[PDB]
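Accompanying notes for the structure given below.
Where a number appears in this text, it was derived from the coordinates with a stated rule and is not lab data. Cβ sites come from the backbone with ideal geometry, for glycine too, and all protein chains shown count toward neighbours.
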Amino acid sequence: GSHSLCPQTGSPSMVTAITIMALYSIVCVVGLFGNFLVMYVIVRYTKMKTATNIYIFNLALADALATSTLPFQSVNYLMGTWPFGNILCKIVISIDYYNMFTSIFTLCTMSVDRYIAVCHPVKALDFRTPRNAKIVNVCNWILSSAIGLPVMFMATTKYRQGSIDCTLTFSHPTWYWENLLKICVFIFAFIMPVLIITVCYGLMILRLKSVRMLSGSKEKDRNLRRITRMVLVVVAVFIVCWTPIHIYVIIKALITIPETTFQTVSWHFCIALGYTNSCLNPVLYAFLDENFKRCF
Amino acid sequence: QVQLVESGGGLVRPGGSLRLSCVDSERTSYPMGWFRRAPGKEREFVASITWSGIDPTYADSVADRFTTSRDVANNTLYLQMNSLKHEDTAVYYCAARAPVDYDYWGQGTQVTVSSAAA
Ligand SMILES: CC(C)CCC[C@@H](C)[C@H]1CC[C@H]2[C@@H]3CC=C4C[C@@H](O)CC[C@]4(C)[C@H]3CC[C@]12C
């Protein structure tokens, strides 16, 4: 199983290496900056007394951790090997899986929270407390641990043509458990989230569109337009950012694709797109949040 | 014109819970806010919520304990008050917007937090 290491040669064109490096740098910087800024604004001004700010905080920390892995990944790309040893391999793999799932589970959570508010307003009174939002973040972290902790054990460095792969070792037979892992990641990080947010937001919109009021009404149309557009944006961003790397990982499980510049470049691009979700989340879920918006 | 019916107030023991609700059944306005006035004090903001029911806003002194929701299908506003304290003793008023500040105010409900309760 080839993980961090791409079977490469012949060694790349100047322009493709500058491109890929620049890609990893920009995403890392923008991700770290946007998410630290959210954390700062929360800790300083808004304070975390509300459920929505507790979810925002959790999302930003996960997104900041996700992006924190990128410099390790640029060097690994630039050098064509993993130079950081076996301990850092475990730690970075682990952080990377944990926070992919935290990020994604928290953003699902925010969708479910909104569906609950509109479709179950009475239950929303019990669900939308700071206490529950903390319990939910712990539950999501538990769920994330089902993959985050095993990878900590499975991750290791090994030799692979003189060079060093930071990879996952699996029990026997490797071809079962390695493909199960890929499958699970694909369904819990992609399929299930896409279903959750599209169903929750689509049911939310449906309830909203069903409301009458003898007077209304142009105001109601107007509101629905703004909400619908926001739903379409957050879903479309999720899909554009995450679908490429997910599909690419499955395709590689199934067929053998010719090593080429296009293959190498597209792969890093798809990887960067994943981390771009973590860059856009602050915009989508903090800076455009009704209450958070108001500061400063 | 508009007539806001507030329910669910009254007497609670310290640390207890109450659920207020407010409706304009005529669908002539949208109950969206809660204010209160303690004896001797000025009217203060408690909570509000957008039209859609998605986004609540809480006063700092109540954020940890109060939740608000809106039932957009029957135009009902709720306030769930937990862990009630002497500080929460007040007349609570529902505030509503016209479909076209707030435009309408309920006559209020007494919330009394006292150990002489049951
Ligand atoms: C907006 C969303 C829906 C778009 C999703 C596009 C996905 C499916 C695209 C984006 C990049 C694509 C990959 C780019 C390069 C290659 C190398 C080639 O040798 C086999 C196909 C393969 C592996 C592509 C498969 C499909 C792919 C993963």
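Let me spell it out: the conditions are (1) crowded, with 16+ Cβ neighbours inside 10 Å; (2) part of a loop (DSSP other than H, G, I, E, B); (3) within 16 Å of the ligand (Cβ to nearest atom), and A:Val211 meets all of them except one. Which number is the exception?
(3)
Considering segment A:6-64 alone, what residues qualify as being within 14 Å of another protein chain (Cβ to nearest Cβ) and either surrounded by 15 or more Cβ atoms within 10 Å (Cβ to Cβ) or touching a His at 6+ places or on another chain (Cβ under 7 Å) (or both)?
Taking segment A:6-64 as the starting set, the residues that turn out to be within 14 Å of another protein chain (Cβ to nearest Cβ) are A:42, A:45-56.
Residues satisfying the conditions are A:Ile42, A:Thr46, A:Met48, A:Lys49, A:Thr50, A:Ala51, A:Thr52, A:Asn53, A:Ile54, A:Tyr55, A:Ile56.
Only one of A:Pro193, A:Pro244 is part of a helix (DSSP H, G or I), within 16 Å of the ligand (Cβ to nearest atom) and closer than 23 Å to A:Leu143 by Cα; which?
Going through A:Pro193, A:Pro244 in turn, the sole match is A:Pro193.
Just wondering, is there one or more residues in segment A:121-139 that are of a type in the set (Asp, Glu) and not in a helix (DSSP H, G or I)?
Taking every residue of segment A:121-139 in turn, none turns out to be of a type in the set (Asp, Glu) and not in a helix (DSSP H, G or I).
Which residue pairs have Cβ atoms closer than 7 Å, lie 6 or more positions apart in sequence or on different chains, and pair a first residue in segment A:245-264 that is farther than 20 Å from A:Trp175 by Cβ with a second residue that is near the ligand (Cβ under 8 Å from one of its atoms)?
Close Cβ pairs satisfying both conditions: A:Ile245/A:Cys270; A:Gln263/A:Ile257.
Looking at (1) over 30 Å from B:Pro56 (Cβ atoms); (2) of a type outside the set (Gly, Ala, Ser); (3) away from the ligand (no atom under 16 Å from the Cβ), which is the one condition that is false for A:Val231?
(1)
Filter segment A:88-116 for residues that are under 13 Å from the mean Cα position of the chain (by Cα) and of a type in the set (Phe, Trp, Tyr); which is farthest from A:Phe72 (Cα to Cα)?
Selected residue: A:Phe105.
Quick one: A:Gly162 ticks every box in (1) within 30 Å of B:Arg70 (Cα to Cα); (2) surrounded by fewer than 15 Cβ atoms within 10 Å (Cβ to Cβ) bar one, so which box is it?
(1)
Select from segment A:250-296 the residues that are crowded, with 16+ Cβ neighbours inside 10 Å, part of a helix (DSSP H, G or I) and within 14 Å of chain B (Cβ to nearest Cβ) and list them in ascending order.
Within segment A:250-296, A:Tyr285, A:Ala286, A:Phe292 qualify.
Within segment A:247-266, work out how many residues are aliphatic (A, V, I, L, M) and more than 8 Å from the ligand (Cβ to nearest atom).
The number of residues fulfilling the criteria is 5.
Quick test for you: out of A:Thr102, A:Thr16, pick the one residue that is farther than 22 Å from A:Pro282 by Cβ, part of a helix (DSSP H, G or I) and out of contact with any strand residue (DSSP E or B) (no Cβ under 9 Å at 6 or more places or on another chain).
From the options A:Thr102, A:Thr16, the qualifying one is A:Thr16.
What's the number of the condition B:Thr67 fails, among (1) more than 12 Å from chain A (Cβ to nearest Cβ); (2) touching a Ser or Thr at 6+ places or on another chain (Cβ under 9 Å)?
In the conditions (1) more than 12 Å from chain A (Cβ to nearest Cβ); (2) touching a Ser or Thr at 6+ places or on another chain (Cβ under 9 Å), B:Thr67 misses (1) alone.
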